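For reference, the structure discussed in these notes is given below.
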Ligand SMILES: CC(=C/C=C/C(C)=C/C(=O)O)/C=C1\CCCc2cccc(C)c21
Ligand SMILES: CC(=C/C=C/C(C)=C/C(=O)O)/C=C1\CCCc2cccc(C)c21
């Protein structure tokens, strides 16, 4: 109840305007600030207690950001477009030692989005579902977070079927990229923790903070 | 087309009749044989080229087995029931050093299944969707595997809405446990690789084989 | 902890 | 590779 897809699309339109690994880390930090504003624009999000708001963002920021730049990379050839306006080509990522994860992103996310022509309203809802992760540990009221997630995909399914009547399986197809996003999200994090350990590759304050405990 | 849920339920009914970590590893090996027979009973599975059949099973065996013993642990108090007829209590897992992952299994999987009263037909379809992972690397025909996945959840959604008309969001709720299954599946694997490295904790041939490359 | 995050969420 | 798996799938 009260989870209009129009508001979700607005949040998206509101935020969306040499070592390839270093450029990626900088883009991630830059986007972390934009992620918070985006979240505040998501219905009922800011109404949750500040603490659960922190738990939800710290728990999904990576999947949220990955989903965003991936959808933003549909038109791109073999690579991704960073929020900084930089392009990371598949070969460049390979020459940096992160080719494997980069390929999964292009194969399981970017390409799949481009193939089904996932629109911005759909991207938004998926990110909204990720944001509202009822499994996030520490939640003062997981049941409430769960209720919000259900209102989101309920509206998403409504959006679909209505805009894509000829594709009765589109709703499930969108939801079925989450397992891949979750898997790719976990691998990118492992790499990040390694980059921090090694000391090389600059990491800004906000990104660094996300690597803090828990 | 030709993906009846009755056949899926049959596959389930056909296979379903001191260190807690050691008992878990043995149960996993025992179930790996039962997993293959279960798969063969899944419509169109055995019709795929032997190689893609190997790729699909090696890619999802862990999530497939986890989903199974979890649903089998709904009636159980704070723990799980192993196929060997053994019970692993939450405290026992904790005293073995695997309490964290064990808690995620009880919190994100077992409890959620028990709360929504997920039936065997639903479990089956979800496992069938996991089995038919179009993202599995090496697939000679990923598009075909994708087509099978879509026929599975298309039938699942039909099963739902019809059996649970009063729960219009049940279909999405089932699909939304996959991200958790994928995450928990990846963590259990990490533990297994560690157990192998350490050398302690016996590991049988079949389970050992699944830890082989790739 | 999470200095930056809290400050941004609160504003 | 995957001796056991192939043998079981083939039977
Ligand atoms: C966690 C993460 C966030 C991405 C943020 C970006 C790049 C946002 C944006 O530009 O919109 C992904 C990283 C960040 C650090 C590790 C990594 C390695 C290979 C490829 C990628 C995309 C990554
Ligand atoms: C990969 C995996 C498979 C489970 C197989 C079982 C237990 C099947 C069954 O009894 O039906 C899970 C493992 C197997 C090894 C690592 C591990 C650690 C803590 C808890 C669990 C469940 C696990």
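Residue numbers (UniProt numbering), protein chains in the order written: chain A, 228 to 244, 262 to 458; chain B, 228 to 244, 262 to 458; chain C, 686 to 696; chain D, 686 to 696.
We put the CB at the ideal spot given by N, CA and C, even for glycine.
Can you tell me where the alpha helix (DSSP H) with residue 429(B) in it begins and where it stops? 422–442
Member of 408(B), 385(B), 407(B) whose CA lies at the smallest distance from the CA of residue 295(B): 385(B)
Excluding sequence positions up to five away, which residues of its chain have a Cβ less than 7 angstroms from the Cβ of residue 315(A)? Excluding its 5 nearest sequence neighbours in each direction, residue 315(A) has C-beta neighbours in its own chain below 7 angstroms: 357, 362, 367, listed in chain order.
Could you please tell me which residues of the stretch 291–312 of chain A, in chain order, have their CB closer than 8 angstroms to any CB of chain C? Listed in sequence order: 294, 297, 298, 301, 302.
Using a Cβ cut-off of 8 angstroms, pull out every chain A residue sitting near residue 413(B), in sequence order please. 394, 397, 398
Under 6 angstroms: does the beta carbon of residue 327(B) sit that close to some heavy atom of ligand 2? yes
Excluding the five sequence neighbours on either side, which residues of its own chain have a C-beta within less than 6 angstroms of the C-beta of residue 689(C), listed in chain order? none
Hey, is residue 209(A)'s beta-carbon within less than 7 angstroms of any beta-carbon in chain B? In the structure as shown, chain A starts at 228 and stops at 458, and residue 209(A) therefore has no counterpart that could be examined.
Listed from N- to C-terminal order along the chain, which residues in the stretch 438–450 of chain A have their beta-carbon within a distance smaller than 9 angstroms of any beta-carbon of chain C? 449, 450
Amino acids of chain B, ordered along the chain, whose beta-carbon sits closer than 7 angstroms to that of residue 430(A): In chain order: 427, 430.
Contact check, residue 267(B) vs residue 433(B), beta carbons under 7 angstroms: no
Taking 6 angstroms as the cut-off, is the C-beta of residue 260(B) nearer than that to any heavy atom in ligand 1? Because chain B is numbered 244 and then 262 with no intervening positions, residue 260(B) cannot be located in this model.
Is any heavy atom in ligand 2 found nearer than 6 angstroms to the beta carbon of residue 345(B)? Result yes, Cβ under 6 angstroms from ligand 2.
Min CB distance residue 388(A) to chain C below 7 angstroms: Residue 388(A) does not count as touching chain C.
Closer than 6 angstroms: residue 311(A) CB and nearest ligand 1 heavy atom: no
Of the listed residues 406(B), 425(B), 411(B), 457(B), nearest to residue 381(B) (C-alpha basis): 457(B)
Along the chain, where does the beta strand (DSSP E) that runs through residue 333(B) open and close? 331–333
C-beta neighbour in chain D for residue 280(B), strict 7 angstroms: Using a CB distance cut-off of 7 angstroms, residue 280(B) counts as an interface residue toward chain D.
Determine the extent of the beta strand (DSSP E) in which residue 323(B) is found, giving its start and end residues. 323–325
Measuring only between beta-carbons, confirm whether residue 458(A) sits less than 7 angstroms from chain B. no
Could you compute how far the alpha carbon of residue 236(B) sits from the alpha carbon of residue 364(B)? 6 angstroms
C-alpha distance - residue 394(B) paired with residue 695(C), whole-angstrom precision: Distance between the alpha carbons of residue 394(B) and residue 695(C): 43 angstroms.
What residue does the alpha helix (DSSP H) around residue 360(B) start on, and which one ends it? 355–360
When you compare each of 321(B), 408(B), 289(B) to residue 360(B) by their alpha carbons, which one comes out closest? 408(B)
Can the beta-carbon of residue 310(A) be found less than 7 angstroms from the beta-carbon of residue 431(A)? no
Touch check for the stretch 435–454 of chain A and the stretch 272–280 of chain B: three-plus C-beta pairs under 8 angstroms? The stretch 435–454 of chain A makes no contact with the stretch 272–280 of chain B, as fewer than three CB pairs between them are under 8 angstroms.
So with Cβ pairs under 7 angstroms, would you call residue 424(A) a contact of chain B? yes
Tell me whether residue 340(B) sits in a helix, a strand or coil according to DSSP, three-state version. Residue state for residue 340(B) is assigned as coil, using DSSP reduced to three classes.
So the alpha helix (DSSP H) residue 281(A) belongs to, where does it begin and stop? 264–284
Within chain A, partners of residue 379(B) - CB distance below 9 angstroms: 348, 351, 352, 356, 423, 424, 427
Does ligand 1 have even one heavy atom less than 6 angstroms from the beta-carbon of residue 377(A)? Outside the cutoff, so no.
Relative to ligand 2, is the shortest distance from any of its heavy atoms to the C-beta of residue 268(B) smaller than 6 angstroms? yes
CB of residue 376(B) within 7 angstroms of CB of residue 392(B), strictly: yes
Spatial neighbours of residue 303(B) within its chain, please: CB distance less than 7 angstroms, with the 5 preceding and 5 following residues excluded, ordered by chain position. 377, 380
Which residues in chain C have a C-beta closer than 9 angstroms to the C-beta of residue 376(A)? List them in chain order. Within 9 angstroms Cβ-Cβ: nothing; residue 376(A) doesn't reach chain C, min ~16 angstroms.
At a cut-off of 6 angstroms, is residue 272(A) close to ligand 1 when judged by its beta-carbon and the heavy atoms of the ligand? Yes, since a heavy atom of ligand 1 falls inside the 6 angstroms radius drawn around the Cβ of residue 272(A).
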